[PDB]
Each structure stands twice: as C-alpha cells, then as structure tokens.
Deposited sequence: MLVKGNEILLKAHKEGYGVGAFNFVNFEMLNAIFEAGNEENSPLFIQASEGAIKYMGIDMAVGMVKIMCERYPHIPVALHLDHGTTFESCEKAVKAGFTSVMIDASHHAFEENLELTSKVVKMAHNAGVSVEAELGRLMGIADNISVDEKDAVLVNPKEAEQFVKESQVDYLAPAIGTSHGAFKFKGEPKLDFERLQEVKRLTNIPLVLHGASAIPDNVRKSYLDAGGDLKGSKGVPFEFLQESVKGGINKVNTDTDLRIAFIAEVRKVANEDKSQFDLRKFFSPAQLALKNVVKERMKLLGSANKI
C-alpha cells in the first residue's frame, strides 16, 4: 500500500539496509519495477522526476501508481518527487498524492537551502508527506548536515560524497568519501540518500553494446561501493540510468533483429523483463529483498 516515504526509510535506517528508489516515466517501467518488488518481497520507492511528471502528467503518474499498489497491496510503496526544484512543484506533488518529495536547493548557500527546505517541510509534513533535501555539490560538510537536519526537520538527507547523476559518473576510478558518509550518519541519525547510484552492470552494458548502442565510456558506482554505502548508512539509493540502459538495449535489439516488427508488445515485453531483472538484482544487493 501507498505510504509515507519515512515509513519505509525509517525501517531501513534502523535495520541498516538500502531501499532502491527507481525512476519511471511510463507504464512499462512502472510495471517492471512493481513485479521486481513482488518477486523479491521488497519495499518500493517509486520516483518521478519533474520531467517525467511533465511527460506523463502528474495525474497519470499518481494514478498509475495507485492502480499498481492495489494490484500488489502487500508491498509498501512510497511515491517520491525526485529533484523538485521549487516549493510550488513540491506542493503540487503533495496535492496530487505523492507521499515523499525532494527539494533540491543544494546549489544555494546553506542559509537559503535551509530556508527553502524548511518551508517545503512545513507544507509537506502538514499533509503527511515526507521530505528529502540535499547538501553538498563540493562535498557535504558533516557539521553543516547536522545543523541542517536539526533545523529543517527534513526526513532524509542526500549528502554529496562523490556521485554524479546519469552515466559518466567518475573521471576515472570510482571514489566515494565513506568516512565523511559515516560522520554525516553519526551526526544526523536519519535515513540518508545516495544520488547518482546506477552501477551499469556488465551484463546490462553488454546487452546495450551487443544491440549496437554506444555508452561512451560511462562509469557507474561499483557494486561494492553501493554495499559499502549501505554499510555507511545509506538507506535510499536512487536508480535510473541502469533501468533505462537495460530497457532500451532490448528495444534496440528487437528493432535490429526484425525490421518488420511493429507490435509494441514485442519491443516492450523483453524491455520490461530486462528492467525487472536489474531491479531485482539491485534489491538483493542493497538488502531490501525479503524485508516485507
């Protein structure tokens, strides 16, 4: 059932596992994410970026998730606004029925970030909705994180410890500041969020290139860094790129191998399966499998 984001992440926080936060932009992605959670007996964070919401319509985004929740009413599900850019955007998500909203003001100075975050928190908490904020761009200041969390009363925090959104994360070898993660965790004692957490698994890379795609030397967060992140206190692991590559790899493959194929189901049933499997493996990696 559809629940406050903090309901899910407080449990992950206390028990020391990570919950994948999986972006979707249409029915096929959403269906595959839900089937993965059902098969791995794992809670789900479902997130939609502002762009995904513009594409679907916020009414469709919420509506499709509510249908999927009724289909799998035993799975805890949070519906999360990913990288909300304005108070008004977070407010619209709250009104539409999102159960978690992220406000990204990390590009502002501390005082302005804190002020905007606090305003979102007041609004969202009055409506029973949980709030994520971000600190750091470059890396988080743990004492700043400590005061930020206490002052804003935000539910979870994304501290910058060395990740970038999308492919092409690291200018070489993957590096994450785990001692800084541990300090943030110690001082804030709340669920923490990792952005830019796609790993680009080798099998997903191989299916994408074998289908003719070009990943342009992208580097994901290695699996061991994700596991060490969770050990350091990460409880929400934002995952988008991995899903998109796996999905479009299969779409490209169908197009290549049958130039007369125009039944959408023939493109998107294998795409769903590939996406579903990435999610299932990620739920096992992060420790959310069998936590229902």
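Missing from the model, relative to the deposited sequence, is only the stretch 138 to 152.
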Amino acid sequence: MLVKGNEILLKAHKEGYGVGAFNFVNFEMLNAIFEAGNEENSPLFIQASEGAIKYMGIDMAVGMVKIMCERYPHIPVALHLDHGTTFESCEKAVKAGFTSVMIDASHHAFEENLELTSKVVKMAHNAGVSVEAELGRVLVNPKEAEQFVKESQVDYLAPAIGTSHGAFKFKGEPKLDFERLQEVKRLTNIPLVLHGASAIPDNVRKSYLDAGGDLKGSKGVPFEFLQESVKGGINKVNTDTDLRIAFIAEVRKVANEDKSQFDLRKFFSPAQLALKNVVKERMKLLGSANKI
From here on, numbers count along this sequence of modelled residues.
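Between two forms, the rigid core is defined as the largest C-alpha subset superposing within 1.5 Å.
Between stretches 180 to 188 and 217 to 225, the one whose Cα atoms sit farther from the displayed model in 8 other deposited structures of this protein on average is 217 to 225 (core-aligned, root mean square). Of the other entries compared for this protein that flank it with modelled residues, all give atoms for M123, so not even a third lack it.
Figure legend: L209 is marked as modelled in all of the other comparable entries of the protein, none of which omit it, let alone a third. For the pair 250 to 258 and 48 to 56, the mean Cα B-factor is higher in 250 to 258.
As recorded in the PDB entry, 66 to 74 is the stretch of 66 to 74 and 31 to 39 with the greater mean C-alpha temperature factor.
For the set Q147, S89, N126, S118, the PDB entry assigns the largest Cα B-factor to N126.
Taking the deposited Cα B-factors for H195, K219, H83, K122, the highest one is held by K219. Per the PDB record, residue ranking by Cα B-factor puts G136 in the highest third of the chain.
For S100, the recorded CA temperature factor ranks within the lowest third of the chain's modelled residues. Per the PDB record, residue ranking by Cα B-factor puts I190 in the middle third of the chain. Among the modelled residues of its chain, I292 has a C-alpha B-factor that falls in the highest third, as given in the PDB entry.
Split the chain's modelled residues into thirds by C-alpha temperature factor. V184 is in the middle one.
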